[PDB]
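*Asks:* Take a look at this one; I'll ask things after.
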Amino acid sequence: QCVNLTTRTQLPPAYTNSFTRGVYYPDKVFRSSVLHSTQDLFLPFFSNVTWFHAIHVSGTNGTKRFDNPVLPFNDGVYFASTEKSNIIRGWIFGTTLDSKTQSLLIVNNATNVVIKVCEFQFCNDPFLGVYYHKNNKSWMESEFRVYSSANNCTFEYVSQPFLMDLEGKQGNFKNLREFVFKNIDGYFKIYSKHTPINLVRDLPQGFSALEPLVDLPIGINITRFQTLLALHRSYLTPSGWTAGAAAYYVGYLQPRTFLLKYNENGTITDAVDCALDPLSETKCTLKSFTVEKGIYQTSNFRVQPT
Amino acid sequence: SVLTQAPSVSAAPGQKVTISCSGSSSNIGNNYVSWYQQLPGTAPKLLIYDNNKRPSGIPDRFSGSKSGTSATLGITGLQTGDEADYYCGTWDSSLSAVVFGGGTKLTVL
Amino acid sequence: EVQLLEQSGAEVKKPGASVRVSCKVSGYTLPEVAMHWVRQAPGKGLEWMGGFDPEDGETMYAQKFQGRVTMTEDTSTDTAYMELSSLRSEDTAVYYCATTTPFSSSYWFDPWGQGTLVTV
Ligand SMILES: *[C@@H]1O[C@H](CO)[C@@H](O[C@@H]2O[C@H](CO)[C@@H](O)[C@H](O)[C@H]2NC(C)=O)[C@H](O)[C@H]1NC(C)=O
Ligand SMILES: *[C@@H]1O[C@H](CO)[C@@H](O)[C@H](O)[C@H]1NC(C)=O
């Protein structure tokens, strides 16, 4: 296979501001209405998040723009999308994006996502092709439009679909879906969430708690990746590709100390970064979200040598 | 075959004249019509589908109509290279199959 | 969009024989789109043949010619074999590989097939 359509497009990455976002539960331990503080990889608040578009119609007629780049993993990765009609399935996470290293291949092929940690050959323009079988009248998914070879495979797993629809809602949800990917200590752990959003595109002020889905033995360093897509074929009209529109959100993680406020039921609402501003670092000293009127001594500063 | 159109027709170049195909309610009445072109010993080319839809690469100068059991293939702006046979077809539920007419070989005078 | 493979090649089979017709494709995969067949006799018109039915999901067979010609499909290699049997006088002719869409009625076929004559 390896059918490819680069369709490179210009313009600057449209950025955004994650207000309160990307706060997962960094333990299984159940806590109730306490302020807990750890320094771990997170997406720090008020951060620059790139609102990317995998397929982007800018109207004259048609003009679907396939931009989705191979992206470095860096420290850690955050992800968010709406996609009332799913066009997104999984990610290619790896290093060489080729053989010679393992490959993290997440395919949420309906309905049984078959997570794959293997050695593949990923094409220059990988994505999942979808077509119509004509036998049993079912839309299959050609998975080798992503990658040519599948062999040597180290790991395999299956679970209930992370990507999930509800719909019937004519919008007003958009089914905002977030996935956090953190690769440490032999365990690459996946996080998820599903949220209604009524706003046109960008994110609200609410907190999103992400539980760990599976903690898996991965043992590979992933320095780079790209997302996956679901497209199809059309027939004679003045081949068909780029079903609907596609856009998503990406931001990189970073070690930061958060104070975590659990609820009576352990549902974290308020989280606060300590290093965010000189004001945020004092609230980490009192451990409280209420700061009484007065003067408090935040950590010292030093002048540094030129 | 089961449909009605003449073997040949002729007209002067650059003129405007069409070709029609007479079916029945059992064939053209409830079904969509197509039209095809072939040059001598060549690949028969889809002309118009549904009588209102041009395939990619078709001059806009062609149109079509369906009046009852009669379907006309709009042919305008005659060219020196437009001489060929045009075939009408539409879905048949009678024998539950695909049917065509005998074909009409145009001549540009 | 798509170009196809040939229908047969040149198949010349003297009387007392029968011939398969294997039509492959390119740019699509075989069972996302339905094939079709038409008899074309030189100096004559179209006679439809074979074909797949968008409704009912069956592969059609022209009633007049039904039972004499059969079709099979290999989805991965895109090989669709049209076997005509019991050669007769007027049945040597070009038989076109054609392809409408299973999704809708799509009486409109693929843009063109290149044609293959047979021999009786
Ligand atoms: C993570 O993978 C990277 C490969 O991308 C490895 O980092 C490389 O390390 C060498 C030094 O041994 C540098 O010269 C390369 O520039 C690094 N790669 C990049 C892309 O900068 C690294 O070995 C892997 N992680 C571990 C823990 O070994
Ligand atoms: C984020 O990007 C804006 C420009 O859009 C820039 O002004 C700002 O300094 C950047 N901040 C960070 C933390 O990247």
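Letters A, B, ... go to the chains of the structure tokens in the order shown; residues in each chain start at 1; ligands are counted from 1 in the same order.
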With a cut-off of 10 Å and counting only C-alpha atoms, select all residues of chain A in contact with chain B and give the selection as a list in words.
*Replies:* residues 236, 237 and 238 of chain A
*Asks:* Could you make a table, as CSV, of the residues of chain C that have an atom within 7 Å of an atom of chain B, each with its nearest atom pair and distance in Å to one decimal, counting only C-alpha atoms, in chain and number order?
*Replies:*
residue,atom,partner,partner_atom,distance
C:45,CA,B:102,CA,5.2
C:46,CA,B:100,CA,6.3
C:47,CA,B:100,CA,7.0
C:48,CA,B:98,CA,5.9
C:62,CA,B:97,CA,6.5
C:63,CA,B:95,CA,7.0
C:107,CA,B:91,CA,6.3
C:108,CA,B:49,CA,5.6
C:111,CA,B:46,CA,5.6
C:112,CA,B:45,CA,5.4
C:113,CA,B:43,CA,6.0
C:114,CA,B:43,CA,5.1
C:115,CA,B:43,CA,6.7
*Asks:* Mind writing the picked residues with C-alpha atoms as a compact mmCIF listing (two decimals), in the first residue's frame?
*Replies:*
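The resulting file, out20.txt, is shown below:
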# COMPACT_ATOMS: atom_id res chain seq x y z
CA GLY C 45 -24.80 -3.08 -30.39
CA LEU C 46 -24.65 -3.73 -26.66
CA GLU C 47 -25.96 -6.82 -24.89
CA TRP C 48 -25.55 -6.69 -21.12
CA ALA C 62 -28.44 -12.14 -17.59
CA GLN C 63 -31.53 -14.32 -17.86
CA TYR C 107 -26.82 2.41 -13.59
CA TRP C 108 -23.85 4.53 -14.73
CA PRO C 111 -15.76 5.37 -17.39
CA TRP C 112 -14.69 2.59 -19.85
CA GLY C 113 -13.41 -1.01 -20.28
CA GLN C 114 -10.95 -1.64 -23.08
CA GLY C 115 -12.72 -4.71 -24.53
*Asks:* What residues have any atom no more than 10 Å from ligand 2 when counting only C-alpha atoms and all ligand atoms, and can you list them as a list in words?
*Replies:* residues 12, 13, 14, 15, 16, 17, 44, 45, 46, 47, 48, 49 and 50 of chain A
*Asks:* Tell me which protein, DNA and RNA residues are within 12 Å of residue 67 in chain B, counting only C-alpha atoms, leaving out same-chain ones fewer than 3 positions away, and put them as a compact mmCIF listing (two decimals) with C-alpha atoms, in the first residue's frame.
*Replies:*
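For reference, selection07.txt as written:
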# COMPACT_ATOMS: atom_id res chain seq x y z
CA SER B 20 -33.74 10.53 -28.31
CA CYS B 21 -34.49 7.01 -27.09
CA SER B 22 -38.03 5.70 -26.57
CA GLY B 23 -38.53 3.27 -23.69
CA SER B 24 -41.44 2.18 -21.54
CA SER B 25 -42.66 2.69 -17.99
CA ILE B 28 -37.27 4.27 -18.50
CA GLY B 29 -40.36 5.23 -16.49
CA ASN B 30 -39.13 4.44 -12.98
CA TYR B 32 -32.49 6.49 -14.48
CA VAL B 33 -31.01 6.69 -17.97
CA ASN B 51 -29.75 12.65 -17.92
CA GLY B 64 -30.50 15.47 -21.26
CA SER B 70 -38.98 9.16 -23.80
CA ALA B 71 -35.41 10.22 -22.98
CA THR B 72 -33.51 12.67 -25.17
CA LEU B 73 -29.74 13.07 -25.08
*Asks:* Hey, what's within 12 Å of residue 79 in chain B if we count only C-alpha atoms and toss same-chain stuff fewer than 4 positions away? As a PyMOL selection string, please?
*Replies:* chain B and resi 11-17+59+61+75+83-84+106-109
*Asks:* Could you please extract the residues within 9 Å of ligand 1, counting only C-alpha atoms and all ligand atoms, and hand them back as an mmCIF file with N, CA, C and O atoms, in the first residue's frame?
*Replies:*
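The file below, result-v8.cif, is the result:
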data_model
loop_
_atom_site.group_PDB
_atom_site.id
_atom_site.type_symbol
_atom_site.label_atom_id
_atom_site.label_comp_id
_atom_site.auth_asym_id
_atom_site.auth_seq_id
_atom_site.Cartn_x
_atom_site.Cartn_y
_atom_site.Cartn_z
ATOM 1 N N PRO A 72 7.456 15.240 17.552
ATOM 2 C CA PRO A 72 8.299 14.680 18.611
ATOM 3 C C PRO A 72 7.476 14.428 19.864
ATOM 4 O O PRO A 72 6.472 15.098 20.108
ATOM 5 N N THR A 95 10.023 5.759 17.661
ATOM 6 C CA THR A 95 11.236 6.562 17.585
ATOM 7 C C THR A 95 11.666 6.752 16.138
ATOM 8 O O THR A 95 11.634 7.869 15.614
ATOM 9 N N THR A 96 12.071 5.665 15.482
ATOM 10 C CA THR A 96 12.452 5.744 14.079
ATOM 11 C C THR A 96 11.236 5.871 13.170
ATOM 12 O O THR A 96 11.378 6.301 12.019
ATOM 13 N N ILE A 220 10.100 0.864 25.890
ATOM 14 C CA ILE A 220 10.749 1.607 24.813
ATOM 15 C C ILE A 220 10.654 3.101 25.085
ATOM 16 O O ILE A 220 9.682 3.592 25.669
ATOM 17 N N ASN A 221 11.686 3.829 24.672
ATOM 18 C CA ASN A 221 11.633 5.282 24.602
ATOM 19 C C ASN A 221 10.956 5.690 23.301
ATOM 20 O O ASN A 221 11.327 5.211 22.225
ATOM 21 N N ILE A 222 9.966 6.568 23.402
ATOM 22 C CA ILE A 222 9.247 7.097 22.249
ATOM 23 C C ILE A 222 9.589 8.574 22.155
ATOM 24 O O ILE A 222 9.203 9.360 23.028
ATOM 25 N N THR A 223 10.359 8.954 21.135
ATOM 26 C CA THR A 223 10.718 10.353 20.949
ATOM 27 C C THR A 223 9.893 11.078 19.891
ATOM 28 O O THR A 223 10.036 12.298 19.762
ATOM 29 N N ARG A 224 9.040 10.385 19.141
ATOM 30 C CA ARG A 224 8.331 11.048 18.053
ATOM 31 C C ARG A 224 7.111 10.219 17.670
ATOM 32 O O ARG A 224 7.053 9.016 17.934
#
*Asks:* Based on only C-alpha atoms, which of the residues in chain A come within 10 Å of chain C? I want them as a list in words.
*Replies:*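 Listed by rising number, the hits are residues 3, 131, 132, 133, 134, 135, 136, 137, 139, 140, 233, 234, 235, 236, 239 and 240 of chain A.
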*Asks:* Select, from C:26, C:119, C:18, C:104, the residue with the minimum atom-to-atom distance to residue 69 in chain C, counting only C-alpha atoms.
*Replies:*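 Ranking C:26, C:119, C:18, C:104 by distance to residue 69 in chain C, first place goes to C:18.
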*Asks:* Write out as a count of residues only each polymer residue whose atoms come within 8 Å of range 194-196 of chain A, counting only C-alpha atoms; drop sequence neighbours fewer than 4 positions from it.
*Replies:* 7
*Asks:* Can you work out the spacing between CA of residue 288 in chain A and CA of residue 266 in chain A in Å, to one decimal?
*Replies:*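 Between these atoms lies a distance of 16.8 Å.
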